[PDB]
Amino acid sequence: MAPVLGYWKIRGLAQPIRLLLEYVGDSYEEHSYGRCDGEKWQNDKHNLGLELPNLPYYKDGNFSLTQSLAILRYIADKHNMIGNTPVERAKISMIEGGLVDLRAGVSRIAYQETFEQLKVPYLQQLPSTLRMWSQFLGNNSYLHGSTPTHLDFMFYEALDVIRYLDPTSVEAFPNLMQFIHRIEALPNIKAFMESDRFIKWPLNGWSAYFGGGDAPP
């Protein structure tokens, strides 16, 4: 019995954790809740023993966790990706926070029925947001240090979702386009994404007006 990752059968908040685990090659099992599996989650949520029940959850025998960033960080920490001194640990936590915000900017408007109109000031403001990430990355291959960390898988998934929302926005920054292909070329990431384990869709929860439904529109 490997460590279990529990989440909706969507990319959402779990995709970076899935990408990280496949990158480092660790053993894990997913317990995936499909669109009609709400009751089953209601049962686990009551019975699993989670101290702060939520999705996603992570459970390895008696040890359990909720909160996407806590679970990412637990795996990142087992691999020495959360930095070495108070200054570095803090820098890494900043970058995390910004990447949380970058993904959630999509999430915040994607469930709204007025998505198509919220999209317009979203795209007016996005170039300055992408510019800041594009300048922060500069000509480094990765966000922090010289090898892939959890930060890169957060950043990847946010850039891939935004590129699907509006490709021209992301194409204005050559280094963010090259980052995207660099991650998809990491051999473990490429093998994952070619496997039947990979959830390509939906981006958000099924009920979203952008990146929802069972299949791309």
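Residue positions are given as counts along the sequence shown, with the first one as 1.
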TODO: Read off the CA B-factors in the entry, average them over 84 to 92 and over 101 to 109, and name the higher stretch.
DONE: 84 to 92
TODO: Could you check which stretch, 38 to 46 or 175 to 183, carries the larger mean CA temperature factor in the entry?
DONE: 38 to 46
Task: Chain-wide C-alpha B factor ranking for residue 73, given as lowest, middle or highest third - done: lowest
TODO: Looking at the entry's B-factor column for C-alpha atoms only, identify whether residue 114 ranks in the lowest, middle or highest third of its chain.
DONE: middle
Open item on the list: Please say which third, lowest, middle or highest, residue 188 falls into when its CA temperature factor is compared across its chain.
Closed with: middle
TODO: Going by the recorded CA B-factors, say which third of the chain residue 11 sits in, lowest, middle or highest.
DONE: lowest
Task: residue 52 by Cα B-factor - lowest, middle or highest third of the modelled chain - done: middle
